[PDB]
Amino acid sequence: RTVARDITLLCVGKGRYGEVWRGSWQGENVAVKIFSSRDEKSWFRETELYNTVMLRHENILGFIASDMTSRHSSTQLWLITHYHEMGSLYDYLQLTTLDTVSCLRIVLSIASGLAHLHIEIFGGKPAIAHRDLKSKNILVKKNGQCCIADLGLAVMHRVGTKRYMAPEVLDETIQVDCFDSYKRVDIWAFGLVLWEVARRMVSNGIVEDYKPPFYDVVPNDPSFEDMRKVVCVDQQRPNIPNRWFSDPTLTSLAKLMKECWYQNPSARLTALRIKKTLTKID
Amino acid sequence: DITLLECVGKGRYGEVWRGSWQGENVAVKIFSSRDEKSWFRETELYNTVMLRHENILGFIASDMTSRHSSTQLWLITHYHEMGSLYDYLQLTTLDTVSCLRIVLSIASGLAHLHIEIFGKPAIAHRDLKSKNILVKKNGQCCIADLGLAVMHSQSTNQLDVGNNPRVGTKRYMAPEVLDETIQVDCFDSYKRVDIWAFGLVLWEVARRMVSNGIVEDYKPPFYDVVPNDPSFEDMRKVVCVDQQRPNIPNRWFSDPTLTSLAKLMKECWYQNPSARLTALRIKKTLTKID
Ligand SMILES: COc1cc(-c2cncc(-c3ccc(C4CCN(C)CC4)cc3)c2C)cc(OC)c1OC
Ligand SMILES: COc1cc(-c2cncc(-c3ccc(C4CCN(C)CC4)cc3)c2C)cc(OC)c1OC
Ligand SMILES: COc1cc(-c2cncc(-c3ccc(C4CCN(C)CC4)cc3)c2C)cc(OC)c1OC
Ligand SMILES: COc1cc(-c2cncc(-c3ccc(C4CCN(C)CC4)cc3)c2C)cc(OC)c1OC
């Protein structure tokens, strides 16, 4: 048998992590993440996870392959996935406003992907916590649902992006031996993503501009201390604009956000309870 | 791109194919899902650029591919058309020069694995045997199959025993593996297991070296004392209860080379693991033997 492995690289992202390319395999678009040597452990962790459980879910970025190739004086590490031409939710929210149906569809699809990660299924999958959930790690699909990407920090039962760190991460009180601690860190981050999306939902002719969480209280590339002072010491939370309280959908989403942001991690809603709440909105 | 041309091995591990890549033969190992933890471990080990060595099987690529619920696990290496030492020893006898070239090359590969470079961690193999040694056209061999390897760095005080329920080939297991008293958090324990197995491989090779117009037939270690397809408990009986070691044919004692090799084998087979020779000391001893 011939095994056609050639991928043509046709660049949609570049960072410290490495690069992401739009590629072609057998006439089909794929996404190719090429890891920097600095972030090899992210390739190893995602690969170890997919070797343990082949996740398949409409709201999880679809795995195609993990490739290690020997070079001259180095190892090349590629992760190949489904390609989502609309790009990340972070991207999408800058150039689009949302109606009620499109806002709910986005956030319920993210909750669905997250609840799938979190749930242990016997026979199935281990429970999984993401540990770096944010709008840049969510892709928009043509059908209006999203999918969650980047399991390089995931844990089965590098640090997370500081802007999205839960208070117990910033004050180093997280119970590191307790798997449920990691789910609760994801729920905090989910709540910040819900806030990012809800701002872009139009009501009564009003919308907020795209901003990242805590844009008004921390610098770009905020330090660990900058975040700890805001979230732990002062106990600040993202602003809920008055205009949301004229709209029943945004009023319900504001309540949901609040229940993801309790200082006490064990008070936070579960991903399954968030899904249920979202199915009863509208 | 790779063309799979012919199956050269098929068992519970999976299958190995001879394939073609850029005009060249390559070996393509397709793992069974039962052995997915070996695939991942081998991939971790081959990420070490300073692992590369004339007497370690050369890595080309490692892949995990999936669609729907079906996962394929591939390892692509150099291809050695002479096959494994296990295959070769059934087909040929050896002269002194060939016997020493083979066993020194295996010692050279094993010392390369065991010694930390400040780089490459120290590595213990845990499944050394004649089927896991490939014969090269230059008369040297290379060690294959790092799916059970343990890594250690003295420089950072880290030991990585991996997460693989696979155990070594039963016929080659040291007494402390068979009696399950091996100290699992001690890196030197795993090197000493490799030394026991190396001694067995030395014995397999030496039997095929002619002296005074005499050679022994190829036999695997403990062929005479265990059932075919021996169980863990079959091996524990002969190695641990019966304190059996491979017999040294008396014809070896006429030949200086085989007398030296019998001495080296015996120093790999002490019941006390800490009494066993190191891979470096074996390499140095074989460099001096003719
Ligand atoms: C190694 O590397 C890459 C391989 C591929 C790829 C290309 N064609 C065919 C395949 C294939 C899938 C599955 C089987 C089955 C069929 C028979 N069954 C009984 C067991 C095995 C065979 C072949 C693959 C896996 C794509 C790649 O990239 C997209 C690869 O590189 C990452
Ligand atoms: C988050 O993480 C990963 C994501 C992806 C991924 C999959 N589909 C599409 C993309 C994409 C395409 C295009 C744009 C646009 C954005 C606007 N403008 C700047 C031009 C380009 C952005 C994003 C990506 C980045 C793949 C990954 O691995 C292969 C990821 O890592 C796990
Ligand atoms: C990695 O990704 C892609 C792979 C492929 C692909 C190419 N050759 C063969 C296969 C295949 C055939 C048959 C089996 C099974 C069927 C049942 N039983 C008998 C065991 C064996 C598995 C696998 C596939 C899945 C195509 C893709 O897209 C068109 C892939 O996606 C980019
Ligand atoms: C041990 O382990 C691995 C080995 C290999 C590998 C590399 N060159 C040649 C071989 C070979 C070729 C042919 C025969 C013949 C011998 C006589 N008779 C029995 C018919 C068959 C045996 C052996 C192998 C098996 C590749 C691997 O990975 C790709 C290995 O796994 C790490």
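Using the numbering of Swiss-Prot, the residues shown for chain B are 207-324, 328-499, in order.
Looks like X-ray crystallography, 1.3 Å, at least that's what the header says.
Each residue, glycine too, has its Cβ placed from N, Cα and C.
Database features (Swiss-Prot):
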BINDING   B:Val214, B:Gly215, B:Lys216, B:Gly217, B:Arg218, B:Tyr219, B:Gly220, B:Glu221, B:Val222, B:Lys235  ATP binding site
ACT_SITE  B:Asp336  active site, proton acceptor
Listed binding-site residues (B:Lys216, B:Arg218), ranked by Cβ neighbours within 10 Å, top entry: B:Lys216
Separation of alpha carbons, the residue listed as 'active site, proton acceptor' and B:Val214 (ATP binding site) (Å): 20
Same chain, 6+ residues apart, C-beta under 8 Å of the C-beta of B:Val222 (ATP binding site), given in sequence order: B:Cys213, B:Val214, B:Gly215, B:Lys216, B:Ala233, B:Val234, B:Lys235, B:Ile236
Cα-to-Cα gap, B:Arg218 (ATP binding site) vs B:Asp336 (active site, proton acceptor), nearest whole Å: 15
Spatial reach required of the 3 unmodelled residues, as Cα distance in Å from B:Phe324 to B:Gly328: 5
Cα separation, B:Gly220 (ATP binding site) to B:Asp336 (active site, proton acceptor) (Å, whole number): 16
Residues near B:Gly220 (ATP binding site) in space but at least six apart in sequence (CB under 8 A): B:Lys235, B:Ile236, B:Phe237, B:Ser238, B:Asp241, B:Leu279
Close-lying recorded positions around ligand 4 among B:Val214, B:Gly220, B:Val222, B:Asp336, where CB distance stays under 6 Å: B:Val214, B:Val222
